[PDB]
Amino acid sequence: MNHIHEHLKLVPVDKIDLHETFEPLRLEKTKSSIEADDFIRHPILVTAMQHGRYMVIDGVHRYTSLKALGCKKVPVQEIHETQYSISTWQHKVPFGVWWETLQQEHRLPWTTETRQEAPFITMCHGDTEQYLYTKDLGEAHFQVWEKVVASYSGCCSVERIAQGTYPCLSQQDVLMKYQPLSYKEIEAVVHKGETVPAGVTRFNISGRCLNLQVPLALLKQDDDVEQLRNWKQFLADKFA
């Protein structure tokens, strides 16, 4: 039962990478909660990249909070490729002016055609569907995410929806959908020192370690040798 235990590590903040940006306000709510509790409840789930680097796949705000507090290291659970898959959050907002505003500002090749290829992006309004096909985009298809998301996101209150066929088909509502990125794509983004718009990607992860309640005082211990001691003992007291 110590599979989890074996994969809890104390990783330096400077060796962890983000593929999304963080919302500035979510950070201060998380950081305030952690300080009020004086412990970080959940460990930051990461996936191992090459050269001793790691990518956050859950706990962006936890990571950035501890980093802001000056924690040299953060508690992570290393996840394996077998344990998690990648998906996407569907965005539901009300249809509005931003659709035309987006159209003339960027003039993307929206089409009604239902091709043998899968849509890179989908726009649902009524019983109609408009798509982007990565071929029509060709190059500059890395950036279109930021352009499509930024249009409605800001003048609309976004509502995240999972692919469980849970939408209400309002006559007036629109539903944005994004093709999931492969792991290779996300890795490249991180390698280029780049990011993608937050609130789109969705990591479905199994075998998660929850409610570890790592005390802040431990993560604030400047002395390295002593920090490992209390940490290793902390993982001893709490079996996994």
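Residue numbers here begin at 1 and follow the sequence given.
According to the deposited model, is the average Cα temperature factor higher in 229-237 or in 1-9? Higher mean C-alpha B-factor: 1-9.
Between 167-175 and 63-71, which has the larger average Cα B-factor in the PDB entry? Here the higher of the two C-alpha B-factor means belongs to 167-175.
Highest recorded C-alpha temperature factor, please, choosing from 123, 118, 140, 76. So the option with the highest C-alpha B-factor is 140.
Report the third (lowest, middle or highest) to which the CA temperature factor of residue 85 belongs, ranking only the modelled residues of the same chain. Residue 85: CA B-factor falls in the middle third of its chain.
Relative C-alpha B-factor of residue 34, binned into the chain's lowest, middle or highest third: For residue 34, whose C-alpha B-factor we compare with every modelled residue in the chain, the answer is the highest third.
Would you check the entry's CA temperature factor for residue 28 and let me know if it's in the chain's lowest, middle or highest third? Ranked within chain, residue 28 CA B lands in the highest tercile.
Going by the recorded CA B-factors, say which third of the chain residue 223 sits in, lowest, middle or highest. For residue 223, the deposited C-alpha B-factor lands in the highest third.
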